[PDB]
Every structure is written in structure tokens, then in C-alpha cells.
>>> print(open('my_file.tsv').read())   # TSV, C-alpha atoms
chain	number	residue	atom	x	y	z
M	217	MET	CA	0.00	0.00	0.00
M	218	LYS	CA	2.62	2.52	-1.12
M	219	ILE	CA	1.41	3.89	-4.45
M	220	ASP	CA	-1.16	3.02	-7.12
M	221	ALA	CA	-2.37	4.18	-10.53
M	222	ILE	CA	-3.07	7.91	-10.60
M	223	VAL	CA	-4.15	10.43	-13.24
M	224	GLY	CA	-3.31	14.12	-13.32
M	225	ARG	CA	-0.93	15.56	-10.74
M	226	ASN	CA	0.29	19.15	-10.47
M	227	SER	CA	3.21	19.71	-8.11
M	228	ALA	CA	5.72	22.54	-7.74
M	229	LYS	CA	9.14	22.48	-6.06
M	230	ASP	CA	9.68	26.25	-6.05
M	231	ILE	CA	8.01	29.32	-7.55
M	232	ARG	CA	9.44	32.84	-7.51
M	233	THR	CA	7.32	35.81	-8.58
M	234	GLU	CA	8.02	39.55	-8.37
M	235	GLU	CA	7.14	42.87	-9.99
M	236	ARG	CA	3.35	42.69	-9.80
M	237	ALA	CA	3.32	38.98	-10.67
M	238	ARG	CA	0.51	36.45	-10.21
M	239	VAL	CA	0.69	32.73	-9.43
M	240	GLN	CA	-2.12	30.17	-9.55
M	241	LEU	CA	-1.97	26.41	-8.97
M	242	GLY	CA	-4.85	24.20	-10.06
M	243	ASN	CA	-7.06	23.10	-12.94
M	244	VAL	CA	-8.74	25.89	-14.91
M	245	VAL	CA	-12.24	25.25	-16.25
M	246	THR	CA	-13.82	27.78	-18.61
M	247	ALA	CA	-17.55	28.31	-19.08
M	248	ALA	CA	-17.41	26.44	-22.39
M	249	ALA	CA	-16.31	23.29	-20.56
M	250	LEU	CA	-19.76	23.33	-18.95
M	251	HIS	CA	-22.03	20.66	-20.44
M	252	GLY	CA	-19.76	18.40	-22.46
M	253	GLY	CA	-16.94	16.01	-21.62
M	254	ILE	CA	-13.91	16.25	-19.35
M	255	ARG	CA	-12.52	12.73	-19.00
M	256	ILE	CA	-10.62	12.34	-22.27
M	257	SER	CA	-8.28	9.50	-21.29
M	258	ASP	CA	-5.61	11.57	-19.53
M	259	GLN	CA	-2.86	10.56	-17.11
M	260	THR	CA	0.04	13.01	-17.31
M	261	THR	CA	2.08	14.01	-14.25
M	262	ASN	CA	2.89	17.73	-14.18
M	263	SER	CA	5.84	18.63	-11.96
M	264	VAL	CA	7.92	21.82	-12.00
M	265	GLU	CA	11.26	22.29	-10.26
M	266	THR	CA	11.89	26.04	-10.08
M	267	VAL	CA	10.01	28.85	-11.82
M	268	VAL	CA	11.48	32.35	-12.06
M	269	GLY	CA	9.14	35.21	-12.89
M	270	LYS	CA	10.18	38.76	-13.76
M	271	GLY	CA	8.27	41.87	-14.77
M	272	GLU	CA	4.68	40.82	-14.10
M	273	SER	CA	5.13	37.06	-14.51
M	274	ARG	CA	2.27	34.56	-14.65
M	275	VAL	CA	2.48	31.12	-13.05
M	276	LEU	CA	0.00	28.37	-13.92
M	277	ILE	CA	0.34	24.87	-12.46
M	278	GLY	CA	-2.15	22.41	-13.90
M	279	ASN	CA	-4.33	21.69	-16.92
M	280	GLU	CA	-6.66	24.20	-18.58
M	281	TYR	CA	-10.00	23.62	-20.30
M	282	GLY	CA	-11.52	26.04	-22.80
M	283	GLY	CA	-11.81	26.91	-26.47
M	284	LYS	CA	-12.09	30.70	-26.29
M	285	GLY	CA	-8.40	31.51	-26.64
M	286	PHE	CA	-5.64	29.36	-25.18
M	287	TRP	CA	-5.31	30.92	-21.72
M	288	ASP	CA	-4.39	34.34	-23.12
M	289	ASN	CA	-5.00	36.24	-26.36
M	290	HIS	CA	-3.00	35.70	-29.55
M	291	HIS	CA	-3.56	36.52	-33.23
M	292	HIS	CA	-1.65	37.32	-36.42
M	293	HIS	CA	-1.47	36.89	-40.19
M	294	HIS	CA	-0.58	33.62	-41.93
M	295	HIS	CA	0.82	32.51	-45.29
N	217	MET	CA	-1.52	8.03	6.25
N	218	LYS	CA	-3.81	9.84	3.82
N	219	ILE	CA	-4.87	7.49	1.02
N	220	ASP	CA	-6.66	8.49	-2.18
N	221	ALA	CA	-6.63	8.00	-5.95
N	222	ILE	CA	-7.49	10.61	-8.58
N	223	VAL	CA	-8.87	13.29	-6.25
N	224	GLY	CA	-8.25	17.03	-6.16
N	225	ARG	CA	-6.31	18.35	-3.18
N	226	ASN	CA	-4.95	21.88	-2.86
N	227	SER	CA	-2.02	21.96	-0.42
N	228	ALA	CA	0.73	24.49	0.25
N	229	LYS	CA	4.03	23.81	2.01
N	230	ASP	CA	5.00	27.47	2.40
N	231	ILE	CA	3.93	30.82	0.95
N	232	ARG	CA	5.78	34.11	1.47
N	233	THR	CA	4.28	37.39	0.25
N	234	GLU	CA	5.19	41.03	0.86
N	235	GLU	CA	4.62	44.53	-0.49
N	236	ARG	CA	0.82	44.74	-0.49
N	237	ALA	CA	0.49	41.11	-1.59
N	238	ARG	CA	-2.61	38.91	-1.54
N	239	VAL	CA	-2.96	35.17	-0.95
N	240	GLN	CA	-6.02	32.91	-1.00
N	241	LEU	CA	-6.39	29.15	-0.63
N	242	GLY	CA	-9.38	27.41	-2.20
N	243	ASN	CA	-11.51	27.13	-5.33
N	244	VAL	CA	-12.45	30.27	-7.25
N	245	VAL	CA	-15.85	30.33	-8.97
N	246	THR	CA	-16.65	33.02	-11.53
N	247	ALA	CA	-20.04	34.39	-12.58
N	248	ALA	CA	-19.58	33.07	-16.12
N	249	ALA	CA	-19.11	29.57	-14.69
N	250	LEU	CA	-22.60	29.52	-13.20
N	251	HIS	CA	-23.21	30.18	-9.50
N	252	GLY	CA	-21.66	28.39	-6.54
N	253	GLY	CA	-22.41	24.82	-7.55
N	254	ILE	CA	-19.37	23.10	-6.06
N	255	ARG	CA	-18.29	19.56	-6.94
N	256	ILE	CA	-17.46	19.26	-10.64
N	257	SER	CA	-14.66	16.71	-10.97
N	258	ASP	CA	-11.47	17.21	-8.96
N	259	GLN	CA	-8.95	14.64	-10.18
N	260	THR	CA	-5.58	16.39	-10.39
N	261	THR	CA	-3.72	17.00	-7.12
N	262	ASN	CA	-2.36	20.53	-6.72
N	263	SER	CA	0.53	20.95	-4.28
N	264	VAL	CA	3.01	23.82	-4.05
N	265	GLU	CA	6.30	23.72	-2.15
N	266	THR	CA	7.43	27.32	-1.73
N	267	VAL	CA	5.80	30.43	-3.20
N	268	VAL	CA	7.61	33.77	-3.24
N	269	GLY	CA	5.79	36.98	-4.11
N	270	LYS	CA	7.27	40.45	-4.58
N	271	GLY	CA	5.78	43.80	-5.55
N	272	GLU	CA	2.09	43.24	-4.86
N	273	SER	CA	2.21	39.54	-5.77
N	274	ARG	CA	-0.94	37.43	-6.03
N	275	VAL	CA	-1.11	33.90	-4.63
N	276	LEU	CA	-3.88	31.50	-5.65
N	277	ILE	CA	-3.92	27.93	-4.34
N	278	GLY	CA	-6.60	25.81	-6.00
N	279	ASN	CA	-8.67	25.43	-9.16
N	280	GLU	CA	-10.71	28.20	-10.79
N	281	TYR	CA	-13.89	28.04	-12.86
N	282	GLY	CA	-14.88	30.73	-15.34
N	283	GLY	CA	-14.72	31.70	-18.99
N	284	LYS	CA	-14.99	35.47	-18.63
N	285	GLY	CA	-11.28	36.18	-18.91
N	286	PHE	CA	-8.89	33.76	-17.23
N	287	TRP	CA	-8.63	35.07	-13.67
N	288	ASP	CA	-8.94	38.70	-14.75
N	289	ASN	CA	-8.22	39.71	-18.35
N	290	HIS	CA	-9.46	42.51	-20.61
N	291	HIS	CA	-7.02	42.73	-23.52
N	292	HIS	CA	-8.06	44.09	-26.92
N	293	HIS	CA	-4.98	44.97	-28.98
N	294	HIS	CA	-4.35	42.60	-31.88
N	295	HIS	CA	-0.92	41.68	-33.26
T	217	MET	CA	10.97	13.04	-7.88
T	218	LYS	CA	7.86	12.41	-5.79
T	219	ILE	CA	6.61	10.07	-8.52
T	220	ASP	CA	6.54	6.33	-9.19
T	221	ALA	CA	5.33	6.39	-12.79
T	222	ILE	CA	7.96	5.87	-15.49
T	223	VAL	CA	5.99	6.65	-18.65
T	224	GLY	CA	4.25	9.80	-19.86
T	225	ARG	CA	4.74	12.78	-17.56
T	226	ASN	CA	5.53	16.47	-18.08
T	227	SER	CA	8.42	17.57	-15.86
T	228	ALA	CA	10.63	20.66	-15.81
T	229	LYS	CA	14.06	21.12	-14.23
T	230	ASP	CA	14.10	24.91	-14.53
T	231	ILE	CA	11.98	27.61	-16.18
T	232	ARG	CA	12.87	31.29	-16.50
T	233	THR	CA	10.25	33.85	-17.54
T	234	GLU	CA	10.49	37.64	-17.66
T	235	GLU	CA	9.01	40.68	-19.41
T	236	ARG	CA	5.28	40.04	-19.00
T	237	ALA	CA	6.03	36.36	-19.57
T	238	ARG	CA	3.71	33.48	-18.64
T	239	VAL	CA	4.32	29.81	-17.87
T	240	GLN	CA	1.65	27.11	-17.93
T	241	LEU	CA	2.26	23.43	-17.16
T	242	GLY	CA	-0.43	20.88	-17.94
T	243	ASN	CA	-2.66	19.34	-20.61
T	244	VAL	CA	-4.70	21.79	-22.68
T	245	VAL	CA	-8.22	20.76	-23.69
T	246	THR	CA	-10.14	22.86	-26.21
T	247	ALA	CA	-13.91	23.30	-26.14
T	248	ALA	CA	-14.32	20.93	-29.09
T	249	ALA	CA	-12.24	18.28	-27.32
T	250	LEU	CA	-14.89	15.80	-26.17
T	251	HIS	CA	-14.32	12.40	-27.76
T	252	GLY	CA	-12.31	10.19	-25.42
T	253	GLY	CA	-13.59	7.42	-23.18
T	254	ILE	CA	-11.68	5.95	-20.25
T	255	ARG	CA	-8.56	3.78	-20.43
T	256	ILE	CA	-4.96	3.35	-19.28
T	257	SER	CA	-1.69	2.67	-21.10
T	258	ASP	CA	1.73	4.02	-22.06
T	259	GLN	CA	2.24	7.56	-23.37
T	260	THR	CA	4.81	10.07	-24.61
T	261	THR	CA	6.94	11.58	-21.84
T	262	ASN	CA	8.17	15.18	-21.88
T	263	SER	CA	11.03	16.55	-19.78
T	264	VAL	CA	12.74	19.94	-20.06
T	265	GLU	CA	16.06	20.85	-18.46
T	266	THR	CA	16.35	24.65	-18.57
T	267	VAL	CA	14.04	27.11	-20.32
T	268	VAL	CA	14.90	30.76	-20.97
T	269	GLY	CA	12.14	33.21	-21.83
T	270	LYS	CA	12.64	36.82	-22.90
T	271	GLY	CA	10.29	39.56	-24.05
T	272	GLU	CA	6.82	38.20	-23.36
T	273	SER	CA	7.93	34.57	-23.38
T	274	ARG	CA	5.43	31.70	-23.29
T	275	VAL	CA	6.12	28.38	-21.56
T	276	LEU	CA	3.95	25.32	-22.18
T	277	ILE	CA	4.73	21.99	-20.53
T	278	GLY	CA	2.46	19.16	-21.63
T	279	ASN	CA	0.21	17.99	-24.46
T	280	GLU	CA	-2.49	20.04	-26.18
T	281	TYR	CA	-5.81	18.89	-27.65
T	282	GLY	CA	-7.75	20.90	-30.21
T	283	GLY	CA	-8.44	21.33	-33.90
T	284	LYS	CA	-8.03	25.09	-34.21
T	285	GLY	CA	-4.36	25.35	-35.10
T	286	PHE	CA	-1.90	23.87	-32.61
T	287	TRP	CA	-1.54	26.55	-29.94
T	288	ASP	CA	-1.26	30.01	-31.47
T	289	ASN	CA	-3.23	31.01	-34.57
T	290	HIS	CA	-0.42	32.73	-36.48
T	291	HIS	CA	0.86	30.74	-39.46
T	292	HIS	CA	-0.51	27.80	-41.46
T	293	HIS	CA	-4.19	27.33	-42.27
T	294	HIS	CA	-6.82	25.01	-43.77
T	295	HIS	CA	-6.46	23.34	-47.17
J	217	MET	CA	12.49	10.93	-2.67
J	218	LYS	CA	13.60	8.51	-5.38
J	219	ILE	CA	15.53	10.28	-8.14
J	220	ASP	CA	16.51	7.25	-10.21
J	221	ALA	CA	14.65	6.63	-13.47
J	222	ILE	CA	14.75	6.94	-17.26
J	223	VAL	CA	14.56	10.22	-19.17
J	224	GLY	CA	11.70	9.64	-21.59
J	225	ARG	CA	10.78	10.26	-25.22
J	226	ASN	CA	10.77	14.03	-25.71
J	227	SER	CA	13.64	15.63	-23.79
J	228	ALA	CA	15.28	19.05	-23.99
J	229	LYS	CA	18.70	19.84	-22.53
J	230	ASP	CA	18.22	23.57	-23.07
J	231	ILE	CA	15.73	25.85	-24.82
J	232	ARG	CA	16.09	29.60	-25.39
J	233	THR	CA	13.12	31.71	-26.49
J	234	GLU	CA	12.88	35.48	-26.86
J	235	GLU	CA	10.93	38.17	-28.72
J	236	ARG	CA	7.35	37.09	-28.05
J	237	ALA	CA	8.60	33.53	-28.53
J	238	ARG	CA	6.67	30.46	-27.36
J	239	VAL	CA	7.77	26.96	-26.37
J	240	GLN	CA	5.49	23.94	-26.14
J	241	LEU	CA	6.62	20.43	-25.17
J	242	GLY	CA	4.27	17.50	-25.62
J	243	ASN	CA	2.02	15.60	-28.03
J	244	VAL	CA	-0.40	17.64	-30.13
J	245	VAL	CA	-3.74	15.97	-30.86
J	246	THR	CA	-6.15	17.62	-33.30
J	247	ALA	CA	-9.94	17.53	-33.00
J	248	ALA	CA	-10.11	15.11	-35.92
J	249	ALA	CA	-8.18	12.56	-33.87
J	250	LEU	CA	-10.95	10.18	-32.82
J	251	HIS	CA	-11.20	6.63	-31.48
J	252	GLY	CA	-8.86	4.69	-33.74
J	253	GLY	CA	-5.40	4.39	-32.24
J	254	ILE	CA	-5.12	7.83	-30.67
J	255	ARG	CA	-2.70	6.26	-28.19
J	256	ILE	CA	0.44	6.49	-30.33
J	257	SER	CA	2.31	5.13	-27.31
J	258	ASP	CA	6.10	5.14	-27.08
J	259	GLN	CA	7.96	4.78	-30.38
J	260	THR	CA	10.50	7.44	-31.35
J	261	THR	CA	12.72	9.17	-28.78
J	262	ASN	CA	13.48	12.80	-29.59
J	263	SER	CA	16.15	14.65	-27.62
J	264	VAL	CA	17.53	18.14	-28.26
J	265	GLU	CA	20.77	19.53	-26.83
J	266	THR	CA	20.64	23.31	-27.16
J	267	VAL	CA	17.85	25.32	-28.79
J	268	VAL	CA	17.97	29.01	-29.67
J	269	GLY	CA	14.99	31.09	-30.76
J	270	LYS	CA	14.95	34.71	-31.91
J	271	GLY	CA	12.23	37.00	-33.23
J	272	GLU	CA	8.93	35.28	-32.48
J	273	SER	CA	10.59	31.86	-32.28
J	274	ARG	CA	8.50	28.70	-32.01
J	275	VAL	CA	9.61	25.60	-30.10
J	276	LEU	CA	7.78	22.28	-30.40
J	277	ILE	CA	9.09	19.15	-28.68
J	278	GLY	CA	7.03	16.04	-29.36
J	279	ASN	CA	4.84	14.28	-31.91
J	280	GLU	CA	1.73	15.64	-33.63
J	281	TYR	CA	-1.30	13.43	-34.27
J	282	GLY	CA	-4.33	14.43	-36.31
J	283	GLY	CA	-5.39	15.72	-39.71
J	284	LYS	CA	-4.22	19.24	-40.52
J	285	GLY	CA	-1.39	18.91	-43.02
J	286	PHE	CA	1.33	19.70	-40.49
J	287	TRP	CA	2.07	21.54	-37.25
J	288	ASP	CA	3.80	24.59	-38.72
J	289	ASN	CA	5.33	25.04	-42.17
J	290	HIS	CA	5.75	27.58	-44.97
J	291	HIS	CA	3.69	25.83	-47.65
J	292	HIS	CA	3.55	23.00	-50.18
J	293	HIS	CA	6.17	22.40	-52.87
J	294	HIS	CA	6.93	25.22	-55.31
J	295	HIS	CA	8.40	25.44	-58.82
H	217	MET	CA	24.01	19.30	-17.83
H	218	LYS	CA	25.26	15.75	-17.23
H	219	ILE	CA	24.41	12.87	-19.56
H	220	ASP	CA	26.33	10.08	-21.29
H	221	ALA	CA	24.82	7.07	-23.06
H	222	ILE	CA	24.69	5.85	-26.66
H	223	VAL	CA	21.16	6.33	-28.01
H	224	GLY	CA	19.93	6.48	-31.59
H	225	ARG	CA	16.59	8.00	-32.57
H	226	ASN	CA	16.23	11.69	-33.41
H	227	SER	CA	18.87	13.71	-31.56
H	228	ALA	CA	20.11	17.28	-31.97
H	229	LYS	CA	23.44	18.74	-30.84
H	230	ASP	CA	22.59	22.38	-31.53
H	231	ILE	CA	19.81	24.32	-33.26
H	232	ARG	CA	19.78	28.05	-33.97
H	233	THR	CA	16.59	29.78	-35.11
H	234	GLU	CA	15.87	33.49	-35.58
H	235	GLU	CA	13.78	35.93	-37.61
H	236	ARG	CA	10.31	34.44	-37.15
H	237	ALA	CA	11.68	30.90	-37.22
H	238	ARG	CA	10.06	27.68	-36.00
H	239	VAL	CA	11.68	24.49	-34.72
H	240	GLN	CA	9.95	21.15	-34.18
H	241	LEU	CA	11.34	17.74	-33.24
H	242	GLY	CA	9.28	14.55	-33.31
H	243	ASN	CA	7.24	12.13	-35.41
H	244	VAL	CA	4.36	13.63	-37.39
H	245	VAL	CA	1.28	11.45	-37.86
H	246	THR	CA	-1.62	12.61	-40.04
H	247	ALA	CA	-5.27	11.86	-39.29
H	248	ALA	CA	-5.03	8.83	-41.58
H	249	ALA	CA	-2.82	7.20	-38.95
H	250	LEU	CA	-0.49	4.28	-39.63
H	251	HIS	CA	-2.68	1.61	-41.22
H	252	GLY	CA	-2.14	-1.72	-39.49
H	253	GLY	CA	1.33	-2.49	-38.20
H	254	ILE	CA	0.56	-3.52	-34.63
H	255	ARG	CA	4.28	-3.05	-33.98
H	256	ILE	CA	5.45	0.57	-34.09
H	257	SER	CA	9.10	0.50	-33.03
H	258	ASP	CA	11.76	2.97	-34.15
H	259	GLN	CA	14.40	1.86	-36.66
H	260	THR	CA	16.16	4.66	-38.54
H	261	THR	CA	18.46	6.86	-36.45
H	262	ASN	CA	18.98	10.56	-37.16
H	263	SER	CA	21.44	12.93	-35.47
H	264	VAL	CA	22.16	16.56	-36.32
H	265	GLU	CA	25.24	18.51	-35.23
H	266	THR	CA	24.48	22.21	-35.67
H	267	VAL	CA	21.68	23.88	-37.63
H	268	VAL	CA	21.81	27.58	-38.48
H	269	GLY	CA	18.52	29.18	-39.48
H	270	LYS	CA	18.20	32.67	-40.92
H	271	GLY	CA	15.23	34.67	-42.18
H	272	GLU	CA	12.21	32.53	-41.35
H	273	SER	CA	13.99	29.20	-40.85
H	274	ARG	CA	12.25	25.86	-40.34
H	275	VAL	CA	13.71	23.01	-38.29
H	276	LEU	CA	12.28	19.48	-38.47
H	277	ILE	CA	13.90	16.63	-36.54
H	278	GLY	CA	12.22	13.27	-37.04
H	279	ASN	CA	9.95	11.35	-39.40
H	280	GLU	CA	6.94	12.85	-41.18
H	281	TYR	CA	3.75	11.05	-42.17
H	282	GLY	CA	0.82	12.64	-43.97
H	283	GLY	CA	-0.60	13.97	-47.22
H	284	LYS	CA	0.69	16.94	-49.20
H	285	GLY	CA	4.05	16.93	-50.95
H	286	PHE	CA	6.49	19.18	-49.11
H	287	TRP	CA	7.13	18.56	-45.41
H	288	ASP	CA	5.16	15.34	-45.86
H	289	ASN	CA	4.62	12.64	-48.49
H	290	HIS	CA	1.84	10.12	-49.12
H	291	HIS	CA	0.92	7.28	-51.49
H	292	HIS	CA	-2.57	8.22	-52.69
H	293	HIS	CA	-3.88	7.20	-56.11
H	294	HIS	CA	-3.75	8.45	-59.70
H	295	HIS	CA	-5.74	8.36	-62.94
>>> encode(input="my_file.tsv", output="C-alpha cells")
Amino acid sequence: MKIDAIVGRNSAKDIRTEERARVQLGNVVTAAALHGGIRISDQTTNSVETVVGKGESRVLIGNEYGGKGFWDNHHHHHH
Amino acid sequence: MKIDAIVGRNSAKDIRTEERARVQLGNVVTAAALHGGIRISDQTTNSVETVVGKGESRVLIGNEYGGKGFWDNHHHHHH
Amino acid sequence: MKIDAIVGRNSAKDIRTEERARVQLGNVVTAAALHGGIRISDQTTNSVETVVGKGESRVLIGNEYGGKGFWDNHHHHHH
Amino acid sequence: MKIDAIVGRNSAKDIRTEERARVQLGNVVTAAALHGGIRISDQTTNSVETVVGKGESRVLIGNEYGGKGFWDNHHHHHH
Amino acid sequence: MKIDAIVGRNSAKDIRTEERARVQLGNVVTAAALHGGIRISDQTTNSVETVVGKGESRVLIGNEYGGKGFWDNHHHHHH
């Protein structure tokens, strides 16, 4: 009885944030996720050693669910 | 002690914040993500070792639900 | 470290982010992402040693699921 | 506690990204990817020594499954 | 940095990318997926020393499977 099969695991060893920085640890679920399907056969272990943030740095430990933009905004022209 | 498999669990080993910093431990529910329903899934375990915040740093331990701007966004510029 | 699994797992040794940079570690699931029952088996493992981010750098540790592009709608397009 | 194990498939010794650059490590699964062998499992082991990115550099470490031509490329063959 | 062990597969010693350049390392699998072949084990070994990319450079380390002509080849049919 030491360890068994586990799915999804967000752990951090060290997180440094300064200069009006924000840090959040956990699973993010957008409104879109509501009414649909979460369990999509996942089992990845997320583990970070040391995270250094400078000039308004953002720290996110865990998985994110949503279609409206991947976390933040981003757009441009293609070819 | 403490036995479980595939179950959310927000835990913090140590959190240091200074300079008008804020820290909150728990789940954050947004208006977009319906009202306070509680209990949605909780499978990934969130655990942070040491969190350092400088210059009005924000500390958030746990999962967040909401589609209206991740945490607190309001961008507009397009590149 | 703090893990027994030996297959499929996103881990980072060091991550540096500055200049309004953001770092997210975990599996990304788009709104469309729904298909996917329940199962268990091997998987691709990802491990990064040291990451250096400058000028609004973006750090993503893990797999991403979604049709719309791959992560950032910039280049490439439909046929 | 135990720090003795293999490296994995996708591994990066060092990755440098600057100028609104982004780095994503993991398997990319498109929406098209449905029930039919989605679990590519372990096959090819990719490992990079030192990576340098300048001017909106893009870093992708891992395999891409799904129907969309390709992750990121200029275009088809020319004359 | 501290590693030493003979290993084939896709490996890179150094990769330089700048000027809106993109670098990707891994096996590309189209939606079609590898028909049959219950056994999917690596065979061919590829190793690059140093790659210098200038003015929108593209780096691809690994095998590619899918339609199109450039950056991917396929069988298809003819008339």
C-alpha cells in the first residue's frame, strides 16, 4: 500500500514571482467546458522544479479547459 | 496516512508574500461559470512547495472556474 | 521526484520567464475536445532541463488537444 | 524521494526563447483525432541539446497526431 | 548538464533559429494514422550537429507522415 495508478498531478518544487506577478496552482475550467466532456483519457504528471518570474510574470500549475483563446490572447497573419 | 486515488487536493508547504500582496487558498468560482455549484470533478492533485511573491504579488492555491477572462483579463490589442 | 510512474509525464528542471512572460504546465483541452472514453496505457513523456524566456515569453509543458491550429493562430491554415 | 529513473521520449537539454517567442513540449492531438489508435504510445525518442529562438521563435518538442497537413510550415512544394 | 549514453533515434546537438523561425522535433502522424502495423518501433536513427537558421527558418527533426508533398509525403492514387 505505497502507491497506485493515478491520473493528473500538479506539483511545484519552487516558484518565484516579483514585480506585480501572479501565481495560480490548479485546474482551470472555462464556461465552455460546462455541459460536455472532461474525462478524455488523460494521465500526465505535471511537476515543475523552479520557476522564475520577472516583470509581471504569470504562473499556472495544472491543466486548462476552454476553447475561447488558449489561456491568453493571440492573433496574427498567416501565409 | 492519507490514502486516495485521482482526487483534487490543494495543499501548500509554504507561501511568502510582501509589499501589499494577496494570498487565497481554495476554489475560485466566476459568474460566467454559473453560481456556486461546487463539486465538478477534482482529479488532479495541486501541491506547491514554496511560493515567493514580490511587488504586490498574487497567490492563488486551487482550481478556478470561469470563462470570462482567465482570472482577470481585458485585452483588446491585436498583433 | 515524488513520482513512481515511469511513462508519460511532463516535468521541468528549470523555467525562466520575464518581461510580461507566462508559464503554464499541464494538458490543454479545447472546447471541441470531447471524444475520449476511459482507459490506461503508455504515453509520450516530456522533460525539459532549462528554459529561458525573454520579451513576453510563453512556456507550455504538456500535451495540447484541439483542432483550431496547434496553440497560437499565427501561421498555417486550412487546405 | 527517489531520483533514479529513465529520461523519456521528448527531452530538452536547453531551450532559449525570446521576442514574443513560445515553447510547447508534448504531443499535439487535433480535434479530428478520434477513437482509432489515438494512443500512439512510445515509439521514437526525440532529444535536443541546445535550442535558440529569436524574433517570435517557435519551439515544439514532441509528436503531432491528427489531420491538418502539419504543425507549422511555410507551404507545399513550389516550382 | 550531465548525460552520457549511446542512443539512436532523433537527436540534436545544436539548433539556432531566428527571424520568425520555427523548430519542431518529433514524429508527425496525419489523421489517416499508420494503417495496421501492430508493432510501431523505431528503426532509422537521425542525429544533427548544428543547424543555423536565418530569415524565417524551419527546423524538423524526425519522421513525417501525412498527405501533401512538401514537409510530408503520401501514397494516394492516380488516374
>>> interface_residues(input="my_file.tsv", of="chain J", to="chain T", cutoff="6 Å", atoms="all atoms listed in the file", output="ChimeraX atom specification")
/J:217-219,224-247,257-258
>>> calpha_fit_rmsd(input="my_file.tsv", fixed="chain T", moving="chain J")
3.8 Å
>>> axis_aligned_box(input="my_file.tsv", around="range 239-257 of chain T", padding_each_side="8 Å", output="AutoDock Vina command-line options")
--center_x -5.3 --center_y 16.2 --center_z -23.1 --size_x 35.2 --size_y 43.1 --size_z 27.9
